[PDB]
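Q: Below you'll find the structure I mean.
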Amino acid sequence: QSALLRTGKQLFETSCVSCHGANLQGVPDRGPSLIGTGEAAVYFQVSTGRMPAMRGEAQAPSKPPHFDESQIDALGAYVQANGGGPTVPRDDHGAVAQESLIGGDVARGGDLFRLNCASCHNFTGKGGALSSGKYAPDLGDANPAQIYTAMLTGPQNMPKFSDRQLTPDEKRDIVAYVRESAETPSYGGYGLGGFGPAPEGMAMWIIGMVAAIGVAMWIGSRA
Amino acid sequence: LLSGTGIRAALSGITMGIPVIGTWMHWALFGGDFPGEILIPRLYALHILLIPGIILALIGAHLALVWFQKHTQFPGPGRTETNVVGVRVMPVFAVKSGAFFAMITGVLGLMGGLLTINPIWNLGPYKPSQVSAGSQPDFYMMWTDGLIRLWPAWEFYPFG
Amino acid sequence: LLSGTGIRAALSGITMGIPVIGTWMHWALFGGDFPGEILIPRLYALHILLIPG
Amino acid sequence: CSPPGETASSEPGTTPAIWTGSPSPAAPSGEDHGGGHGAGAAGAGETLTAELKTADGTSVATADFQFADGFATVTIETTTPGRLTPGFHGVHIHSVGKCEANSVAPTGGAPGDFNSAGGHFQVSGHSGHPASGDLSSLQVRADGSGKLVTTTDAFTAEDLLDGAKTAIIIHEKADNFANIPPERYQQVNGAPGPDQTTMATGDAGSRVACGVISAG
Amino acid sequence: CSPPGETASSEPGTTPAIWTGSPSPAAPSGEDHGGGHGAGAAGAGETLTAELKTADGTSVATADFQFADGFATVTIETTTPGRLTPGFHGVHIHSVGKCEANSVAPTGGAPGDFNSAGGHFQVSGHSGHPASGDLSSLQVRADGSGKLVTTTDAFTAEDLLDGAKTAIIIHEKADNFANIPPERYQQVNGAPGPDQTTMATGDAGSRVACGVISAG
Amino acid sequence: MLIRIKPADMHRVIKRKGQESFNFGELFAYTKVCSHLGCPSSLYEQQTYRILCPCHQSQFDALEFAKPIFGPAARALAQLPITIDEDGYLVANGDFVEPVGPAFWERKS
Ligand SMILES: CC(C)=CCC/C(C)=C/CC/C(C)=C/CC/C(C)=C/CC/C(C)=C/CC/C(C)=C/CC/C(C)=C/CC/C(C)=C/CC/C(C)=C/CC1=C(C)C(=O)c2ccccc2C1=O
Ligand SMILES: CC(C)=CCC/C(C)=C\CC/C(C)=C/CC/C(C)=C/CC/C(C)=C/CC/C(C)=C/CC/C(C)=C/CC/C(C)=C/CC/C(C)=C\CC1=C(C)C(=O)c2ccccc2C1=O
Ligand SMILES: CCCCCCCCCCCCCCCC(=O)O[C@H](COC(=O)CCCCCCC[C@@H](C)CCCCCCCCC)COP(=O)(O)O[C@H]1[C@H](O)[C@H](O)[C@H](O)[C@@H](O)[C@@H]1O
Ligand SMILES: CCCCCCCCCCCCCCCC(=O)O[C@H](COC(=O)CCCCCCC[C@@H](C)CCCCCCCCC)COP(=O)(O)O[C@H]1[C@H](O)[C@H](O)[C@H](O)[C@@H](O)[C@@H]1O
Ligand SMILES: CCCCCCCCCCCCCCCC(=O)O[C@H](COC(=O)CCCCCCC[C@@H](C)CCCCCCCCC)COP(=O)(O)O[C@H]1[C@H](O)[C@H](O)[C@H](O)[C@@H](O)[C@@H]1O
Ligand code: HEC
Ligand code: FES
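Residue numbers (full-length UniProt numbering), protein chains in the order written: chain A, 72 to 294; chain B, 165 to 324; chain C, 165 to 217; chain D, 21 to 236; chain E, 21 to 236; chain F, 313 to 421.
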């Protein structure tokens, strides 16, 4: 749309031309060129907030978004027009699809997640560490569109999962599994984070062992 | 997935890397390659009967030794190397030990309820191609795993 | 074949026979109908750990 | 120590060639059957296709002929949506399999797609009535498609596997075979009998399509 | 104690009736379907058979044609080893599906297996050139078998389910369709054009076989 | 077990209540599971028409409804209703009118 393109350009010119140079070409050693990144990349990155980025470090951290959905769409449309590339999914009305991205199959989504996603994130989408200051973040904050677009465009040190590699049905199943694992209550008590051995051992040593030692000190006599 | 990855790391790699007999120990434990169809039955035997039987026998020896080699005590007013100052078994020690057992099992039950331990349903079935990022053993084997991680990748290659 | 038919006769039949709690005992022991998929693991535990202990 | 073999910067390499997998030997000798048939010849099997093209090099029809249980279970589908006009194209089986644009086996005019060495390619021992060489009219309507079959088995896979490759040639005539009997109709010379050229095979104008049935 | 229910001397019983199982409502959500086709009509599917009988009730042949992917694949198997003599036969699609021994839709002589309501059963909107009302020919050798296909798709599965059941009628002629062009040949009255009856459909002597295509 | 009663011996057959029409001509289908503790009763003896169980040596008279005429068993073997469907294949003409395995408390009602 003409006005959408104009709004995207105006936001771009006063947000990122210092590190994604005007004309969408990347500033050498400050930011990559956005030609070909597409609307999905812009949506995911700006909505998660990573892109109003105020440091060059191991990894761009997530943060509150600096733009509302309309401005996100404007920036995405501008980048898509300039470069041309993957587009964020949308529902019948036109808004970014959230529920439509919940795949029907969850066992298949979990299998795909374990084969591809858990590699670094977790068994259930908690975070993971990477080589030098990087890390795979927890997926519990991401909404279905954000998960789908994260797969569609490998944000940073994350493999780029094309539609051919993971058909949109497979990505929808993975999104369903991610949301289900994130929103599912821990059966058996308080899941201490999602990592078994380390949080479980700390909770033993702090809750059970201090209780046992304190009870022993109560029963016995100091000497 | 988690525990099978831990097995693949420790039991398989460490066993199979041992120079003179490493592969021979690996194949004899696993009945062949790593995913051999007898590993878990063998571990089940070892874990429900063999090792717990030895632990029970050694705990019996331990408690018998403590019982008949009278428990040592800290220096104190009436405490010498040739006496035991404390309380007799029947009235006080027995009751307080039983109460301590009750309280310890209460703590264990409370934690079994309120705290989630090893959500295997979250941890999918073992597949060699799948893995997570945590990949840790219980806190008692965590020091062995940490030794594996920290040791600086020193490998030696003798003649062939 | 021999041990399985012996089990079917003795355990299953005589357990179901018991008047007030026979079928309940059968279902508790086999976790279901006779060929329940937990019978031999349960017997293995009982035989290598519990009864020998 | 470090691994003995590493770090070969030189010899940049070459792009791997397209893999041409060898067939599974006696070890994995199992393979899919190519089709069971009587095969009273060197061997053709139960699978044989062909493309009947036009004088412009474009495919018109796509025929398929192959024995299934002793009889040819064939099927033909139009390869283009406007190959045949709104009418009946007369199919026939020509002994010569060369689906050339225009050829003349004998000394005479070379009709378009007239590579046939005669009329209808009958059996070796049959040269009278319209044997398996002959075929009837297959109709293409305004839609422009052809798919319909009959029972013409004067020959078999063995007969098809003859000395010369055969072809399916579709001209622009129907199937009548002297529908005007001698009782009422008369010929040019006044004889009430029919024409030998018309009786031997379906004669029409310029051939519309032609395709070699030698697994074309 | 004896069990409460035993022994029945009276009521000898009856022979169990032949079992007639019912389609599964529980296991199948709906009704299982066979052949798949567009079926632009009340519904015929991708499965349609027919048996062409003789004047004395003998099975002349067994045809079967059905739509698969918009093109109708067909095949005919000889019903007897000597149904057709050592010659040629012309197969035509007749609008009337009654494969009677002899009938006459119009006011005139009732030819054998002439139940057709006219010549070739062309399409509803097509009545000129030889539309799908004409089928492929059937050439029989000394073996006496029928198996061959053409590309006749002026009508489809949708057009097959017309107002009246159609049939395939095979007479004992070849496929010519006025192969004698007006340039050389002449008619009985001297005109060089062909005969309307001959052009409408394959005309020959008494019909040899006739089979209704209404899933006969 | 589907047993073919000889035509000559078909006149000695005595049928149970509600099982008179179960047999398809001379074909009788009786559960193999012994009515006493449920072992298969596979040992079929022809010319005596006795279905013997090997586990505890109980004979059931196949000619009559398969009632036990020896051994620990006290209940007859359940008789399957059989017939022929289209194409002549043997099919069950219903289900057992009684529970078929060995007996238990909640039975015979
Ligand atoms: C190989 C190795 C140990 C490398 C170094 C890594 C390491 C342990 C670094 C230190 C971690 C810390 C303390 C980070 C904060 C930044 C930092 C270093 C600050 C300066 C430290 C300093 C001198 C501070 C002043 C006084 C002081 C010593 C304060 C220490 C503060 C802390 C964190 C004290 C408690 C120790 C602690 C929790 C350490 C992390 C270790 C583990 C294994 C935690 C386990 C655990 C985790 C990881 C969960 O996610 C979780 C989720 C839900 C429920 C339960 C848990 C749980 O129990
Ligand atoms: C859903 C589900 C299945 C839930 C259940 C979970 C499950 C599977 C299992 C747990 C369930 C159970 C059964 C829990 C309770 C376990 C249990 C037996 C607790 C007993 C504690 C209790 C009820 C105390 C009541 C308070 C009271 C009046 C206490 C005084 C009387 C009693 C009970 C005295 C007991 C004395 C006692 C602990 C004897 C242990 C016997 C053994 C093995 C060793 C004895 C012994 C001891 C204890 C030493 O300390 C010692 C130290 C140095 C040298 C030698 C010894 C020695 O020989
Ligand atoms: C003493 C015995 C008592 C033991 C404690 C028992 C507590 C019982 C709690 C009530 C029953 C169980 C509730 C289970 C529901 C439940 O799981 O609880 C979560 C909370 O979780 C948190 O944040 C933690 C909140 C802080 C409170 C609990 C802290 C207790 C620790 C301290 C106990 C261990 C001791 C360790 C000592 C440490 C010091 C060492 C020196 C809440 O949901 P949420 O917050 O959204 O979880 C996110 C998913 O959503 C999202 O996708 C996912 O991606 C995640 O982000 C996930 O967090
Ligand atoms: C529960 C199981 C308990 C074990 C019981 C069973 C154990 C049986 C072991 C003996 C069986 C025979 C050994 C077979 C395998 C073998 O061991 O290799 C030999 C090795 O001899 C040498 O030359 C080595 C000496 C020369 C280098 C000097 C090195 C000094 C080192 C050892 C110092 C470091 C020690 C530190 C200890 C650290 C301990 C850690 C806690 C040479 O190969 P070869 O015998 O021909 O076997 C061929 C395969 O090598 C071939 O790959 C295959 O293709 C076949 O052809 C096979 O036949
Ligand atoms: C490890 C497991 C340990 C066991 C723990 C669990 C045991 C729980 C047992 C209680 C659960 C409820 C009983 C269910 C089942 C039940 O027992 O049956 C009842 C029976 O009450 C009566 O009238 C009987 C009394 C009248 C006759 C008088 C008989 C005197 C006898 C007993 C004397 C001989 C004793 C000799 C002992 C020899 C010992 C041998 C060593 C009536 O039927 P009903 O409760 O409605 O249940 C319906 C099913 O009958 C129905 O077939 C089904 O369709 C359902 O609808 C079901 O709900
Ligand atoms: C280590 C390889 C890697 C794998 C494979 C991978 N991820 Fe990621 N993922 C990352 C990293 C690194 C980030 C952080 C990117 C950034 O912050 O720019 C990330 C970001 C995300 C986010 C954004 C979460 C947020 O709140 O910002 C989600 C959701 C996500 N990944 C899910 C997935 C899904 C779905 C797959 C599909 C298999 C997957 N991951 C596979 C490493 C990976
Ligand atoms: S098991 Fe058959 S009679 Fe006892």
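Backbone N, C-alpha and C define an ideal beta-carbon position, used for all residues, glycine too.
#1: Please return the same chain residues whose Cβ sits closer than 7 Å to the Cβ of residue 301 of chain A, not counting the five positions on each side in sequence.
#2: Once the 5 residues before and after F:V403 are set aside, which same chain residues still bring their CB inside 8 Å of it?
#3: Using only alpha-carbon positions, find the residue among F:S347, F:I363, F:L339 and F:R324 that is nearest to F:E410.
#4: Tell whether a beta-carbon distance below 8 Å holds between B:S293 and A:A189.
#5: Report all residues for which the CB-ligand distance to some heavy atom of ligand 2 is below 6 Å; order them along the chain.
#6: Indicate, with yes or no, if ligand 7 has a heavy atom lying under 7 Å from the CB of C:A173.
#7: What is the DSSP secondary structure of A:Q236, counted as helix, strand or coil?
#8: Reducing DSSP to helix, strand and coil, say where C:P183 ends up.
#9: Would the beta-carbon of A:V249 be found less than 7 Å away from any heavy atom of ligand 6?
#10: Consider the Cβ of B:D197: report whether some Cβ of chain A lies at a distance smaller than 8 Å.
#11: Does any residue of chain B have a CB that is nearer than 8 Å to the CB of A:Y149?
#12: In whole angstroms, what is the alpha-carbon distance linking D:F141 and E:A194?
#13: Just to confirm the assignment, what range does the beta strand (DSSP E) spanning E:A198 have?
#14: Going by alpha carbons, who is nearest to F:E418 out of C:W188, C:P205 and C:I171?
#15: Please tell me whether B:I281 has its Cβ less than 8 Å away from any Cβ of chain A.
#16: Rounded to the nearest angstrom, how far is the Cβ of A:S133 from that of A:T119, given a contact under 8 Å?
#17: Which residues in chain B sit within 7 Å of C:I185, going by Cβ to Cβ distance?
#18: Cβ of A:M222 within 7 Å of any heavy atom in ligand 4?
#19: Quick one: Cα of A:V150 to Cα of A:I143, how far?
#20: Grab the span of the alpha helix (DSSP H) containing A:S118 for me, first residue to last.
#21: For E:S144, collect the residues of the same chain with a Cβ closer than 8 Å to its Cβ; drop the 5 residues on either side in sequence, then sort them by chain order.
#22: Measure the beta-carbon distance from E:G58 to E:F87 and round it to whole angstroms, keeping in mind my assumption that it falls under 8 Å.
#23: If the cut is a Cβ gap below 9 Å, which residues of chain F does E:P45 touch?
#24: By DSSP, does C:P205 sit in helix, in strand, or in coil?
#25: For D:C21, is the classification buried or exposed, using 16 other Cβ atoms within 10 angstroms of its Cβ as the cut-off for buried?
#26: Counting only Cβ-Cβ distances shorter than 9 Å, please list the residues of the stretch 106-123 of chain E near chain D, keeping chain order.
#27: Using a Cβ cut-off of 7 Å, which residues of the stretch 169-194 of chain A contact any Cβ in chain B, in chain order?
#28: Tell me where the beta strand (DSSP E) around F:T360 begins and ends.
#29: Does the contact criterion of 3 or more C-beta pairs under 8 Å hold for the stretch 167-174 of chain E versus the stretch 150-158 of chain D?
#30: Report yes or no: do three or more beta-carbon pairs, one from the stretch 214-230 of chain D and one from the stretch 213-223 of chain E, lie closer than 8 Å?
#31: If we call anything under 8 Å between Cβ atoms a contact, is F:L375 one with F:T343?
#32: Answer yes or no: the CB of F:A404 versus the heavy atoms of ligand 3, is any distance below 7 Å?
#33: How is F:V345 classed by DSSP in three states: helix, strand or coil?
#34: Per DSSP, what kind of secondary structure is F:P352 in: helix, strand or coil?
#35: Roughly how many angstroms lie between the CA atoms of E:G164 and E:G102, to the nearest whole one?
#36: When you compare the CB of D:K167 with every CB in chain E, is at least one pair closer than 8 Å?
A: Well, looking at it:
#1: No answer is possible for residue 301 of chain A: it lies beyond the span of chain A, which begins at 72 and ends at 294.
#2: By 1-based counting over the sixth sequence, the position of residue 403 of chain F is 91. Around F:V403: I394, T395, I396 and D397.
#3: Locating residue 410 of chain F in the sixth sequence gives position 98, counting from the first residue. Ranking the options by Cα distance to F:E410, first place goes to F:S347.
#4: Here residue 293 of chain B is taken as the residue at index 129 of the second sequence, counted from 1. Here residue 189 of chain A is taken as the residue at index 118 of the first sequence, counted from 1. Not a contact, by the Cβ cut-off of 8 Å.
#5: B:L227, B:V230, B:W231, B:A258, B:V259, B:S261, B:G262, B:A263, B:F265, B:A266 and B:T269
#6: Within the third sequence, the letter at position 9 stands for residue 173 of chain C. C:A173: yes, Cβ under 7 Å from ligand 7.
#7: Your numbering for residue 236 of chain A matches position 165 in the first sequence. Here A:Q236 sits in coil by DSSP.
#8: Walking along the third sequence from the start, residue 183 of chain C turns up at place 19. C:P183 falls in the coil class under three-state DSSP.
#9: Along the first sequence, one-based indexing puts residue 249 of chain A at 178. Yes, ligand 6 has a heavy atom inside 7 Å of this Cβ.
#10: On the second sequence, residue 197 of chain B is found 33 positions in, with the first residue counted as 1. For B:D197, the answer is no, since every Cβ of chain A falls outside 8 Å of its Cβ.
#11: Start at 1 with the first residue of the first sequence, and residue 149 of chain A comes out as number 78. False, the Cβ-Cβ gap to chain B never drops below 8 Å.
#12: For this step, residue 141 of chain D is matched to residue 121 along the fourth sequence. For this step, residue 194 of chain E is matched to residue 174 along the fifth sequence. Taking the straight line from one Cα to the other gives about 13 Å.
#13: What you label residue 198 of chain E is simply residue 178 of the fifth sequence in a count that begins at 1. Looking at the DSSP string, E:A198 is not in any beta strand (DSSP E), and its letter there is neither H nor E.
#14: Here residue 418 of chain F refers to the residue found at position 106 when the sixth sequence is read from its first residue. Comparing alpha carbon positions, the residue from C:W188, C:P205 and C:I171 closest to F:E418 is C:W188.
#15: For the purposes of this step, residue 281 of chain B is taken as the residue at position 117 of the second sequence. By this cut-off, B:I281 is an interface position.
#16: Within the first sequence, the letter at position 62 stands for residue 133 of chain A. Within the first sequence, the letter at position 48 stands for residue 119 of chain A. The Cβ separation is near 5 Å, so the contact holds.
#17: On the third sequence, position 21 is the one that residue 185 of chain C refers to. Residues of chain B passing the Cβ test: none, with the nearest at roughly 29 Å.
#18: Within the first sequence, residue 222 of chain A is the residue found at index 151, counting from 1. False, no ligand heavy atom lies under 7 Å from that Cβ.
#19: Position 79 of the first sequence, counted from the first residue, corresponds to residue 150 of chain A. Position 72 of the first sequence, counted from the first residue, corresponds to residue 143 of chain A. Those two C-alpha atoms are separated by around 11 Å.
#20: Here residue 118 of chain A refers to the residue found at position 47 when the first sequence is read from its first residue. It spans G109 to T119 - the alpha helix (DSSP H) in which A:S118 sits, taken as one unbroken run.
#21: Along the fifth sequence, one-based indexing puts residue 144 of chain E at 124. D179 and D182.
#22: Here residue 58 of chain E refers to the residue found at position 38 of the fifth sequence. Here residue 87 of chain E refers to the residue found at position 67 of the fifth sequence. Right, their Cβ atoms sit about 7 Å apart.
#23: Mapped onto the fifth sequence, residue 45 of chain E falls at position 25. For E:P45, there are no C-beta contacts with chain F under 9 Å, since the nearest C-beta of that chain is about 18 Å from it.
#24: The count along the third sequence starts at 1 and reaches residue 205 of chain C at position 41. Here C:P205 sits in helix by DSSP.
#25: Taking the first residue of the fourth sequence as 1, we reach residue 21 of chain D at position 1. Looking at its Cβ environment, which holds fewer than 16 other Cβ atoms inside 10 Å, D:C21 is exposed.
#26: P106, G107, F108, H109, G110, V111, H112 and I113
#27: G181, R185, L186, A189, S190, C191, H192, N193 and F194
#28: For the purposes of this step, residue 360 of chain F is identified with residue 48 of the sixth sequence, where counting begins at 1. Unbroken run through F:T360: none, as it is neither H nor E.
#29: yes
#30: Taking a cut-off of 8 Å for Cβ pairs, the stretch 214-230 of chain D and the stretch 213-223 of chain E do not touch, as fewer than three such pairs fall below it.
#31: Residue 375 of chain F sits at position 63 when you count from the first residue of the sixth sequence. Residue 343 of chain F sits at position 31 when you count from the first residue of the sixth sequence. No, the pair does not count as a contact, with Cβ atoms beyond the cut-off.
#32: Reading the sixth sequence from its first residue, position 92 is the one you call residue 404 of chain F. With a threshold of 7 Å, the Cβ atom of F:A404 does not count as near ligand 3, since no heavy atom of the ligand is closer than that.
#33: Taking the sixth sequence and counting its residues from 1, one reaches residue 345 of chain F at position 33. Three-state DSSP puts F:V345 in a strand.
#34: Here the question's residue 352 of chain F lines up with position 40 in the sixth sequence. The answer is strand: DSSP assigns F:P352 an E or B state.
#35: Mapped onto the fifth sequence, residue 164 of chain E falls at position 144. Mapped onto the fifth sequence, residue 102 of chain E falls at position 82. C-alpha separation (whole angstroms): 5 Å.
#36: As a first step, residue 167 of chain D must be located in the fourth sequence, where it is residue number 147. Yes, D:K167 counts as interfacial toward chain E.
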